[PDB]
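Same protein, same chain, two forms; see structure 1 and structure 2 below, as C-alpha cells.
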Structure 1
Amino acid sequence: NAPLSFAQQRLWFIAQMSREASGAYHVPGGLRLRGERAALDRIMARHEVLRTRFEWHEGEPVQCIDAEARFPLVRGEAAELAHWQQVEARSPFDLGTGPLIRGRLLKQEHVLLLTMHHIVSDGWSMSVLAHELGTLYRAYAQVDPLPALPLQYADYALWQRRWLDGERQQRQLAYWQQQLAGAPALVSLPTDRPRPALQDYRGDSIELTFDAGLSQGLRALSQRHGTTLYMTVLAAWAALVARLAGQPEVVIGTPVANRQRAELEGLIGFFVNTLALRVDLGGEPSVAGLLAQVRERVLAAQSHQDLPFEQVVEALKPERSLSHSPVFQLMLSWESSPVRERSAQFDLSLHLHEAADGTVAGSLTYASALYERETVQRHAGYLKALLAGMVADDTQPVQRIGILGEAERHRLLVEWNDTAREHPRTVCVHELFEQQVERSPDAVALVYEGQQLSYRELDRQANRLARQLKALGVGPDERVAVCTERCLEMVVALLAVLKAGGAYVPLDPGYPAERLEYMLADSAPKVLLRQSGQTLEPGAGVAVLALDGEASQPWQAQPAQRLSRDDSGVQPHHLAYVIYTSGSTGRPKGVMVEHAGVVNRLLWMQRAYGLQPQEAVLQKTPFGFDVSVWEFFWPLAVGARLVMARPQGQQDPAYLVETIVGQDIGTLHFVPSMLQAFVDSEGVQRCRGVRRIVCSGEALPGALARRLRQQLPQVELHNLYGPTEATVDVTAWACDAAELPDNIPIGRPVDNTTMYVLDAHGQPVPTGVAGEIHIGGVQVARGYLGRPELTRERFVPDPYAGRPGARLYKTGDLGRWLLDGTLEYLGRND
C-alpha cells in the first residue's frame, strides 16, 4: 500500500498508546457459578475505596468518599465467551462520576464478570474480592457484623505520605541508587526485527509447563540452597538472558504485593510495587554460586520494597528512552496460589504459578514487534533445558550448560549446511578454460583498448608461455610471480602458469617496492613473469621472463599446442595461486589456494547466476585481490568475453560509465564504498544494460542497495562474503526482496561449503546469538605459505563434516543466524 508520511506514522503509534492505556489500567476477572446482590453491595460497603471518586480541586487530585453500596451489574457459546469478556476489560471507566467496579451478569449456570480499576485495585485485591464474594454468598443464602476490616486504604496513603518524607525513604533510595548504579540500560537480546523508535505494545503469549519431574527436582534444588522456587527460576532466566544477549549483567523486574505488614493483607487497593533485580554473571559462576548471589539480592530487595519504583527510575535515569521500558525490559512474576495476554509492556514477561499437581505452569508474553513466536518458543525451551541441567548437577558452570534442543542443533549444523552439489572434482581451473576453447574457439575472449583475442588465440599464446615455464622448472606447487599492469598479456600469464602446473603470485606494481620485494622473496618462485617497463628484480636464482615487448619474442617460438596432462602433472589438490593478505599489523601472509576450491567457486557462480556466451565481464579489480579470480576465470570458463579495464583509468571519473556503455558490460564488482561513488557518479542511469552487480569486502548498507534500485531498476544486486583463506567467497545473498532491510545479510553458504557460528568453546550458539564464524568445505585454503604455526592456529580440524582430515577456518569475524537460515555479518570478534 501507499506508505504513510513520517508525521502520520509517528502519530499512529501515539494513538496506539491510547488503546494501550485502555488494557493496562484495568483488572479483569471472571467467575462461573454452578448452582441454584446482597453480597455485592456488602463488599462495597466494607471496602471504603470501592465507592471512592476522584476529581481535580485547586491544582491537585482529591479523594471523595461515598456511602452508596450500589453495584452496577449489566444483564453462540464460542463467540459470546471470548469477545464480551474482552470488551468488558477494555470498557473505560470515569474517575469522577460512575463507580470503578464493573460487572456483567448473564446466564442454572451463570457467569459473572467482575472488573476493577487499577487506581483502587491490584491483582491481589481481586483474590481478596474472591475471598469475600465466596463467603458473603454462602452467608446470604444460609458486611461488617460477620467480619470487620482493620483499616482503609486512605489511612495507608496518609502513612505513605509521611513515610515518603521521613528518613527511611532516603535510605531505601540510597540502596537502590547503589545497587543499580551502572547497570545496563537496555538488554541486548537478539530480536527478529529492529527495535521500533516508539515502543509497540502489541503482544502475544505462549504456554510453558514444567513437568512433574522437573518441578520436584527444582524444589529439592531450592531446599538445598535455601532459595525458593521463584528465586531458582530467576537465577536460570538471568543466566539464559545474559548468555543469549552477550552481556555480563541483566536486570529483571518482578511485581511484589508490598503488603509485608500483616495489617494490609485483607485490604483492597493499589499496593503492588516493582523491584529491579540486577544479576551479575561474569567470572563463570557455578549453579550453586549463582543461586547464592540471587539469594543475597532477592532478600535485600524484598526488604526495600516500600520505595515506589517510579522514584527509583527518577533517581537512576532522569533521562530515559522512548523505545523501551526504563531500568529493565524483562519481567518475572510469580503467582503462587483469564484470557490470553495480547498486550506487552516489556520485551518479555514470564508469568509462572504453582499448580495443584505440584507442576509449575504459566505463560510467556512477548512483544510481537520484536520477536516471532518460534523464537519465543525456543527461548522457553532453553530455560527448561537450563533448569534441568541445574537439577542434574548444581556444581557445574552455569553458562556452559547445554541449552540447544536436538531439532535446532540439527537444523543449524546439518539442514542449513545442506549444500552438497556434485561438481567435477578432477578438473583444474585452466582445464575449464580449455574445455570452453573447444566449444567456441573463435568467440571473443579478451578485450583491451580495441585489441581482441579469441578463445583459440588466447589458448595458443598461453600454451607457448607455459612450455617456456616448464623448461624453467615450473610444475605442481611451484610458484610463478607475475608483475604487470592490466593488458592482454596479464591473462596470458595467469593461464600459462596454470597450464604449466604452477601457482601464480600476483604482484601489483602499484604497491611500494619494499612490499613487492618481500612477497617476491617470501613466495620463492621459480619464475618471475614481468611486463616490459617494470624494473622488479628478484635475484636469488629466480628466472625472469618478459611478459610483453621485444624481449618476450623468444617464447613465441614454442609450439602452440597444449601440454599433456602428464607433462604438467597438475591435479586439483595442487596450488592454483598464492595471494597475500596483510594480517592487521605485521608481514603479509601468502594464502595457498588449491585448484579444486577455485573450480568449486567458479562452478557455483555459473549455476547461481548463469553467465551466457554473449555477455561481457569488466576486469576492474587489481589482481592482487582475490575478487579478480572470478573476474578472470568465470567468463572464460563459460564462453563470455572479459573486458580488461584501462590501468588506473578510473582516475578519469567518467571512464567507468563510458566503458560500461561502450563495451556492453553486463557484470561487474564493487566494494560498497565504490558502489556509493558509482550511484553518485554522473551518467550512472545510462548503464541500463548492466545485468549483475556483485558486492563484497565491506558491509553493504541497505540504503545503498535501495539507491542502486532507483538508479538502475534492472540490475540484480548480490551480496557476497568470504575471506581469502576460503577462496574468494563462501556465502551469497540476492538483494531481490521487494523491501530490503537496513542490514543486508551475507546469505547462505555456497555449494560444498558449510558455515558455523560457534561460542568461545567451539559449541554452536542458539539462533540469533552472536558467535565466531567458522568455514568448512572444499574452499578452505591449504594454509599460509611458510607459516605453519599460524596455519594450525587458524585452520583447525572439522568435527562436523564426518570426513577425516577436513578442516575449518576460524575467520575472526562475528556473525549470527537469522530465522530464515541466512547469516548476518556483525563485525570483528575483537
Structure 2
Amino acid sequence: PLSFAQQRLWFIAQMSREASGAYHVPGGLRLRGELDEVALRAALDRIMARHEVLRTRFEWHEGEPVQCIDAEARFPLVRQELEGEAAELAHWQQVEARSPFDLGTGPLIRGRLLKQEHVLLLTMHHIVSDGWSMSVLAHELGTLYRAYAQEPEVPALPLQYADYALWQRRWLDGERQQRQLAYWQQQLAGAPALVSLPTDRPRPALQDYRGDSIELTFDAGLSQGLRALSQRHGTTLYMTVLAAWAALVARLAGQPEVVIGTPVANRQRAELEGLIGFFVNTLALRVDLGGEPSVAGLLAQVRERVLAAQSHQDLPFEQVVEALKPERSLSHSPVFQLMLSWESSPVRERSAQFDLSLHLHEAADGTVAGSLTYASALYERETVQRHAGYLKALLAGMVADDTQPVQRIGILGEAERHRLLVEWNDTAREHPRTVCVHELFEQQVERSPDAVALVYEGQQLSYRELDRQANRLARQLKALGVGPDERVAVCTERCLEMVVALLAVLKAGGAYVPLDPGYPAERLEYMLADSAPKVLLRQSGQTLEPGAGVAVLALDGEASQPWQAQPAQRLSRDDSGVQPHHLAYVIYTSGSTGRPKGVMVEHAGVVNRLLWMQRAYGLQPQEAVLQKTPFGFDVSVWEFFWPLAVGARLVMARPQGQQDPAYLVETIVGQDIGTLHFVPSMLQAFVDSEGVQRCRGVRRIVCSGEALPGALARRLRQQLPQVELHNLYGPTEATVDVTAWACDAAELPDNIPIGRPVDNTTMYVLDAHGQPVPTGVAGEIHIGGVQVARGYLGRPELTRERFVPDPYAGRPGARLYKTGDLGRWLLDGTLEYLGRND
C-alpha cells in the first residue's frame, strides 16, 4: 500500500526504464558455416566507415545539440561462449538491447558473438538508425562477408545523412511544410481524441508501458482471398487490413470514427533507400465508419485517405500533434492509440507505447503473419485473442461478400456466442409450479403459527393472527366480486392493516394496486380510474373516492369492523380460483413524462423472485426486516413477502420514518433490524448520519434503483465492517430485480457490477439489430425468463414495443423485455450498468 506520491514516483521511475529500451534497434543473425572470425572484422569495420552515421557522436555546444563526426571506425564486439541454450540466449539478448549506449562519446552500435555455429548479435541506437536501416545494415554485412570470403577496399554511398538533415532544415522552413501542415490540420480536426475500446481495467492515470503480445496468422486461403479482394478495389493488402481493423475497432468502441497510426519508411526519393539513420515517420489515418458503409465503399475511402496520407508524409508527426493542440493526457498517446505496422517480403515485444500495436508481414508461403502487442494494464490476454479472432472473421466476411454492410458482418466465434447466450445464462432452477405468493405465507403459518410476523409501533401480529385477519377481509373481497386478474386498489399509510390488505387481496384471488397517499390527488385519481378495480381498500382518514361503481371498504377504524364477522378460515383454492399465471399486483411506474403505466405482474414471477432471494441470502426465522420502502415501489414486494415466506418478522417503519436519520438508526438498533434496503443516494445519507456505527447488528444491506458507486460501498465497509452489501438491478417490468452482485471483494471497483442473472432469468446485451455483441461491448439490456411481466395495463401498443418475442430461450411464446438500459458483459460473466440508451 504505497502513498500517492510513492505510487506516482514509481510509475514515473519505471516509465523511464521501460522507455529507455524503446529507443534501440536490435537484430539477430545466426552464422552457419566455417568458423570465420578473421573474415568478420573487415566486413564490420568497412560497413562502419561506409556510413558516417554509425561513427557520429553528439554534444552540447552553446544552446543547441551538435553532431561530432569522427574519422576511424572500430567495431565494439564483445565475445563469449555459452553452455546453457534457450535460457541463456534470451538473457544475453535481452540485456543486449537493454544495456544503454553513450550518445555523448563512444559507440552507438554494439555487437556480441559466441559459439562452427555462431550467433552475430547487432544493436543500434534509434538516433542513428531505425527498422529499415537495421535490415540494410544486415544486407550490407552479408555482402561484405561474401566479398571477403572470395577476394579489400569493398559501391559508394551516394548521399550523407547530414545532407538529408541539411535539406530537411530548409524544407521545414519552406512553404511545402506549411501546405502539408494545412492538410493534416484539416484532416484530423475534430477527430476523436481517445478511442473508447472496451478495457478489462480502467485506464491508469499514468500510461503504463508494460506490454505483452500474441501471435496471429492468416492461412493461405484467407491470404489469397484478401489479395484477390484488394485487387478488385485497387488497394494494397495493407489498405484492406487497415479498413477491416478500423471497422472492427469502431464497432467495438461504439464510436463513428477511428484514428489509426502507421509507421512509414519516409524514404520517398530513391536516393535515401540505402542510407542508414532515423527515417521513419508516423501517419495518423482517420477512418470514418458512419452511414453504414459497405465493404466496397469503405475500401474506397481507405484507399483515398492512405494515398492522401502517403503524399504528405514528409511533415514530422510531432508537428502534427503540436498543431492540433490536443488536451495532452498522461494516460494515453496523442492523436491515436492504435498502431498498425506492415512489413513486406526479433524478441517477443513486452513494451507497449500504444493500447494495441498490430504488426503484420507477408511470409514466404503467401501467408500473412505477425503479432498483436497490447498494454497489460488495459487488456487481459483472452480479450486480445478474441479481438484477433474478430479481425480474422471480419476479413473473411469482406472476402465472401464485398457489397454487404461492413458493420453487420458476423464476428463472434461460436465458443463466445454460446458462452454469452447459454453458459452465462445457466440459471434454471426447479420450483413448485402451482404456488402463489400468499400460499408461501400460508405454508409458513402452518410451520410457525405463534411466531411474530408483523411489528408496528408497539403492536404485534403473529403468523396465525395475521393469516386469520387476512382471511376475514379476503372473504369480504370475494363477496364483492374480487377474483382472478381483478384489481383491488389499496390506499393507506404504513400499519399492520397495510399487510392485512395485501395478503387479503392475494387470498381473494385478485391483484393489489398500491396507492401512496403522499402522491397528488390527480395522480391517485388517475391510477384509481386506470386500473378499474373491483374494490378500494382505504385507510380511515383517507378521502379518496373512486365512484364509477367501485366498492369502498374501510381498512381500519370503526368502519372496518363489519368484515370481522367473516369466518377466519382459509378460502380454498377453488374458492379463490387463483393460479400462478394470474396477476399478483399492478404497480404503476412513471418511466419518464406523461401518464404512468400499470405494470401487470403475475404470481409465478414473484414466487420465483422470492424463492431466489431466500436461496441466496438465507433469511432465518429469528431475524427482522425493516419495511421502509413506499409500497408504490416494487422493492417493497420483497420487503413484505420475503420474511413472511420464511418465518422472519417484518418491522413496519413509522410513516415517512426513513426520512428521519435519528429514527432510522434508533429503529435499527431498538428492533434488531438485520436486513433493509437503500437506493444509493439514501445509503450515502445513512453512512453520513449520526450514530450509523451503532448498527453493528445489521446483516444485509440491499442496494438497488440507482448506480451504486464503489466509493460508497467502500465507505459503508469503514462504517459497518460486518454488513454484507448487495447490488441488485431490475425494472418493474421484470419483477423487482433480475441480477445481483455481492460486494464482498477485498478491493471493490469504482463501477460496482450489477452481477449475474437470478434463478430462471436470462440477460442479453444486444445491438441495434437484436444481435449479441462481443464481451465488453456496450449494448441494450434485454431480460428473459419467468419474471418478465405480463405487460402494461391498457397499453397494448406500448406492451408490443417493449415486450418482444424471445429468440434465444429455445421455447415458443417466450418474451424479452427491452429495458432501455445500456450495459456490457465483463470477462468474468458479470454484468455492468453503463447508463440509459438516451
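Just so we're on the same page, rigid core means the largest C-alpha set that superposes within 1.5 Å between forms. Shifts are known only where both forms have a C-alpha. Residue indices: 1-based, along structure 1.
Enquirer: Just one of 651, 553, 395, 714 has a CA that shifts 2 Å or more between the two structures on a core fit; which is it?
Expert: Comparing the C-alpha positions, the one residue that moves 2 Å or more is 651.
Enquirer: Relative to the superposed core, what is the Cα shift for residue 583 between the two structures, in Å?
Expert: Here residue 583 registers a C-alpha shift of 2.5 Å.
Enquirer: Cα shift of residue 319 between the two structures after core superposition, in Å?
Expert: The alpha-carbon displacement, core-superposed, is 4.1 Å.
Enquirer: By how many angstrom does residue 93 shift at its CA between the two structures when the core is held fixed?
Expert: Displacement of the C-alpha, rigid core superposed: 0.4 Å.
Enquirer: With the rigid core held as the fitting reference, name the runs of three or more adjacent residues whose C-alpha atoms all move by 2 angstroms or more between the two structures.
Expert: Segments displaced between the two structures after core fit: 317-319, 649-653.
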